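K.L.:
Starting off with a structure, shown below.
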Amino acid sequence: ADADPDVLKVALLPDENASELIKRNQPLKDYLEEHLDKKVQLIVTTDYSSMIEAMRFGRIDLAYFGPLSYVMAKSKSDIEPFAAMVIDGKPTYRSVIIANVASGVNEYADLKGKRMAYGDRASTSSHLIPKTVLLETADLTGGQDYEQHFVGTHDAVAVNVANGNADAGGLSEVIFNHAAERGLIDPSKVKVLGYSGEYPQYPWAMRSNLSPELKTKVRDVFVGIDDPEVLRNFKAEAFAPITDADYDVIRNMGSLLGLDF
């Protein structure tokens with residue numbers, strides 16, 4: 001492995017359409033090239049598992065993880081978290097549970113015997129969180145009391161609920177709220193059932209076998225971002241420092257999915 005590579009391979013969690021992600025992250029790519037004296041290569045893998053595996057095998061250098069995919073990767077490889085975005089005045093985000101207006105699902109309890117859409121099995125806000133909400137509020141167990149299907153991206157969850165392939169679904173609040181704006185869905189075809197509580201934001205992480213000097217520079221450059229043109233695409237105010245212990249809440253919730261830490 002190279003401790004100080006000329007090119008940084010930077011992976012983005014595939015929570016949306018790859019073209020949408022590359023677009024959103026272009027100003028950040030430019031900012032990093034300037035302040036790090038590196039070439040940056042943006043990567044979007046096919047799914048969450050393929051991103052976790054690429055990290056374990058040393059094929060990527062930096063990664064923008066979701067909370068659950070981060071703790072899974074941390075259990076398999078030597079990585080360290082270093083920054084998360086502050087959006088709408090907080091370093092947290094929520095899951096939204098939505099229903100198709102034509103399904104007869106008017107509240108959580110009505111999901112009994114119906115079709116629920118989740119994103120990736122390794123997703124926090126499109127799997128772990130909404131599954132937990134349904135259990136705690138309505139005593140409903142996935143696969144036992146309702147049908148569960150995994151459709152991949154958060155974009156796909158919104159699309160499958162809106163077109164009638166699923167009766168209800170769970171996804172990130174922010175991704176849902178911009179789905180009509182992007183023309184993914186007809187907003188009159190869906191309604192909101194409820195929201196989760198607030199959970200820690202997506203962590204940026206890097207392989208720990210980068211040089212100590214390079215690791216310090218990466219941390220400092222991200223936490224120092226105050227350029228409005230980089231922040232605007234993310235609707236963010238800042239990049240905050242983080243620690244591994246900030247994700248213990250997710251480790252404990254993951255017991256429900258059979259994960260041990």
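Residues are named by chain letter and number: chains run A, B, ... in the order of the structure tokens, numbers start at 1 in each chain, and ligands are numbered from 1 in the order shown.
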From a DSSP pass on the backbone, collect the residues of range 14-259 of chain A flagged as strand (DSSP E or B) and hand them back as a PyMOL selection string.
P.N.:
chain A and resi 39-43+62-64+79-87+90+92-93+95-100+115-118+142+146-150+168-172+190-195+199-200+204-207+236-240
K.L.:
Skip range 216-233 of chain A itself and residues of its chain fewer than 4 positions away, then list as a PyMOL selection string all residues within 12 Å of it, counting only C-alpha atoms.
P.N.:
chain A and resi 4+8+20-38+61-62+80-87+203-208+210-212+237-243
K.L.:
Using only C-alpha atoms, find the one residue out of A:151, A:96, A:122, A:192 that sits nearest to residue 258 in chain A.
P.N.:
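When distances to residue 258 in chain A are compared using only C-alpha atoms, the smallest one comes from A:122.
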K.L.:
I want to know what sits within 10 Å of range 244-248 of chain A, based on only C-alpha atoms, with residues of the same chain fewer than 5 positions away left out; could you give that as a list in words?
P.N.:
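The neighbour list is residues 67, 68, 70, 71, 74, 79, 80, 81, 82, 199, 200, 201, 202, 203, 205, 253, 254 and 261 of chain A.
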K.L.:
For residue 57 in chain A, which of A:177, A:77, A:100, A:41 is the closest residue, counting only C-alpha atoms?
P.N.:
A:77
K.L.:
One decimal, in Å: what's the spacing between CA of residue 188 in chain A and CA of residue 176 in chain A?
P.N.:
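These atoms are spaced 13.3 Å apart.
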K.L.:
Enter the distance from CA of residue 55 in chain A to CA of residue 214 in chain A, in Å, rounded to one decimal.
P.N.:
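Between these atoms lies a distance of 17.9 Å.
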K.L.:
With distances taken over only C-alpha atoms, which residue among A:102, A:174, A:3, A:257 lies nearest residue 190 in chain A?
P.N.:
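Smallest distance to residue 190 in chain A is found for A:102.
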K.L.:
Which residues are near residue 191 in chain A? Cut-off 10 Å, only C-alpha atoms, ignore same chain within fewer than 4 positions. Put them as a PyMOL selection string.
P.N.:
chain A and resi 97-101+105-106+161-162+168+187
K.L.:
For residue 92 in chain A, which of A:110, A:40, A:157, A:173 is the closest residue, counting only C-alpha atoms?
P.N.:
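Under the stated criterion, the closest residue is A:173.
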K.L.:
As a list in words, please: every residue in range 87-195 of chain A that DSSP puts in alpha helix (DSSP H).
P.N.:
residues 129, 130, 131, 132, 133, 134, 135, 136, 137, 138, 154, 155, 156, 157, 158, 159, 160, 161, 162, 163, 173, 174, 175, 176 and 177 of chain A
K.L.:
Write a file of the selected residues as a tab-separated table (two decimals), in the first residue's frame, keeping N, CA, C and O atoms.
P.N.:
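After the write, out-v8.tsv holds the following:
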```tsv
chain	number	residue	atom	x	y	z
A	129	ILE	N	-33.41	2.17	10.53
A	129	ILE	CA	-34.26	3.13	11.25
A	129	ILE	C	-35.78	2.89	11.00
A	129	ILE	O	-36.53	2.67	11.99
A	130	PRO	N	-36.24	2.89	9.71
A	130	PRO	CA	-37.70	2.70	9.51
A	130	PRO	C	-38.21	1.33	10.01
A	130	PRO	O	-39.33	1.23	10.55
A	131	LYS	N	-37.40	0.27	9.86
A	131	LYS	CA	-37.74	-1.06	10.43
A	131	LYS	C	-37.96	-1.00	11.95
A	131	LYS	O	-38.95	-1.54	12.48
A	132	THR	N	-37.05	-0.29	12.63
A	132	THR	CA	-37.15	-0.10	14.08
A	132	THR	C	-38.40	0.69	14.48
A	132	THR	O	-39.08	0.35	15.46
A	133	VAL	N	-38.70	1.76	13.74
A	133	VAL	CA	-39.93	2.58	13.98
A	133	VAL	C	-41.19	1.71	13.88
A	133	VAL	O	-42.06	1.79	14.75
A	134	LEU	N	-41.29	0.91	12.82
A	134	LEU	CA	-42.46	0.03	12.63
A	134	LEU	C	-42.65	-1.01	13.76
A	134	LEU	O	-43.79	-1.31	14.17
A	135	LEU	N	-41.53	-1.55	14.24
A	135	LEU	CA	-41.56	-2.49	15.35
A	135	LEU	C	-41.99	-1.80	16.66
A	135	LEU	O	-42.86	-2.28	17.39
A	136	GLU	N	-41.36	-0.67	16.96
A	136	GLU	CA	-41.59	-0.01	18.26
A	136	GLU	C	-42.99	0.61	18.38
A	136	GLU	O	-43.59	0.63	19.47
A	137	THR	N	-43.51	1.11	17.26
A	137	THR	CA	-44.83	1.82	17.22
A	137	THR	C	-46.06	0.93	16.97
A	137	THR	O	-47.14	1.16	17.51
A	138	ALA	N	-45.89	-0.11	16.15
A	138	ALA	CA	-46.98	-0.97	15.67
A	138	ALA	C	-46.78	-2.48	15.88
A	138	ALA	O	-47.63	-3.28	15.47
A	154	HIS	N	-32.15	5.25	-2.37
A	154	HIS	CA	-33.28	6.02	-1.78
A	154	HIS	C	-34.21	6.55	-2.91
A	154	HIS	O	-35.45	6.59	-2.75
A	155	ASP	N	-33.61	6.96	-4.04
A	155	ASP	CA	-34.39	7.37	-5.25
A	155	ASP	C	-35.39	6.25	-5.63
A	155	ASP	O	-36.59	6.49	-5.86
A	156	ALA	N	-34.88	5.02	-5.66
A	156	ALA	CA	-35.70	3.83	-6.02
A	156	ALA	C	-36.84	3.60	-5.02
A	156	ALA	O	-37.95	3.22	-5.42
A	157	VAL	N	-36.58	3.81	-3.72
A	157	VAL	CA	-37.66	3.69	-2.72
A	157	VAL	C	-38.81	4.65	-3.09
A	157	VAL	O	-39.99	4.24	-3.15
A	158	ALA	N	-38.50	5.92	-3.33
A	158	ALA	CA	-39.54	6.93	-3.67
A	158	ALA	C	-40.31	6.54	-4.95
A	158	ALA	O	-41.54	6.62	-5.01
A	159	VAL	N	-39.55	6.13	-5.98
A	159	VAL	CA	-40.14	5.72	-7.27
A	159	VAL	C	-41.11	4.52	-7.12
A	159	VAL	O	-42.24	4.52	-7.68
A	160	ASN	N	-40.66	3.48	-6.42
A	160	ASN	CA	-41.48	2.25	-6.23
A	160	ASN	C	-42.76	2.47	-5.39
A	160	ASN	O	-43.80	1.86	-5.65
A	161	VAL	N	-42.68	3.34	-4.38
A	161	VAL	CA	-43.89	3.74	-3.61
A	161	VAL	C	-44.84	4.55	-4.52
A	161	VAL	O	-46.05	4.23	-4.58
A	162	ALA	N	-44.32	5.56	-5.21
A	162	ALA	CA	-45.15	6.47	-6.05
A	162	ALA	C	-45.86	5.73	-7.22
A	162	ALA	O	-47.01	6.04	-7.53
A	163	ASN	N	-45.19	4.73	-7.82
A	163	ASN	CA	-45.79	3.99	-8.97
A	163	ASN	C	-46.68	2.78	-8.60
A	163	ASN	O	-47.35	2.21	-9.49
A	173	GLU	N	-35.21	11.74	4.81
A	173	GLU	CA	-36.06	12.95	4.69
A	173	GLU	C	-35.62	13.92	3.58
A	173	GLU	O	-36.42	14.31	2.71
A	174	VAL	N	-34.33	14.22	3.54
A	174	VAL	CA	-33.81	15.18	2.54
A	174	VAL	C	-33.93	14.65	1.11
A	174	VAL	O	-34.34	15.38	0.18
A	175	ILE	N	-33.60	13.37	0.92
A	175	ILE	CA	-33.73	12.77	-0.43
A	175	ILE	C	-35.20	12.77	-0.90
A	175	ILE	O	-35.52	13.12	-2.05
A	176	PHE	N	-36.10	12.41	-0.01
A	176	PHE	CA	-37.55	12.41	-0.35
A	176	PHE	C	-38.04	13.80	-0.80
A	176	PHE	O	-38.74	13.96	-1.80
A	177	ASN	N	-37.63	14.80	-0.03
A	177	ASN	CA	-38.13	16.18	-0.19
A	177	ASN	C	-37.71	16.80	-1.51
A	177	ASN	O	-38.37	17.71	-1.99
```
K.L.:
Kindly give the distance, in Å, that separates CA of residue 167 in chain A and CA of residue 51 in chain A, rounded to a single decimal.
P.N.:
29.4 Å
K.L.:
Could you name the residues that touch residue 198 in chain A at 12 Å or less, counting only C-alpha atoms, but leaving out those on the same chain fewer than 5 positions away, as a PDB file with C-alpha atoms, in the first residue's frame?
P.N.:
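To be explicit, this is the file written out as part22.pdb:
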```
ATOM      1  CA  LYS A  90     -27.700  20.280  13.373  1.00  0.00           C
ATOM      2  CA  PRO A  91     -25.211  17.398  12.893  1.00  0.00           C
ATOM      3  CA  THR A  92     -28.056  14.839  12.622  1.00  0.00           C
ATOM      4  CA  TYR A  93     -30.736  13.665  10.126  1.00  0.00           C
ATOM      5  CA  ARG A  94     -34.065  11.736  10.074  1.00  0.00           C
ATOM      6  CA  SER A  95     -35.825   8.911   8.197  1.00  0.00           C
ATOM      7  CA  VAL A  96     -39.311   9.524   6.645  1.00  0.00           C
ATOM      8  CA  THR A 124     -29.403   3.403   8.095  1.00  0.00           C
ATOM      9  CA  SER A 125     -32.366   5.631   6.942  1.00  0.00           C
ATOM     10  CA  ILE A 129     -34.265   3.128  11.246  1.00  0.00           C
ATOM     11  CA  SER A 172     -33.840   9.842   4.044  1.00  0.00           C
ATOM     12  CA  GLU A 173     -36.062  12.946   4.694  1.00  0.00           C
ATOM     13  CA  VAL A 249     -25.875   4.479  18.935  1.00  0.00           C
ATOM     14  CA  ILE A 250     -25.976   2.818  15.428  1.00  0.00           C
TER      15      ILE A 250
END
```
K.L.:
So, with only C-alpha atoms as the atoms that count, which of A:213, A:197, A:252, A:9 lies closest to residue 58 in chain A?
P.N.:
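That would be A:9, the residue with the smallest distance to residue 58 in chain A.
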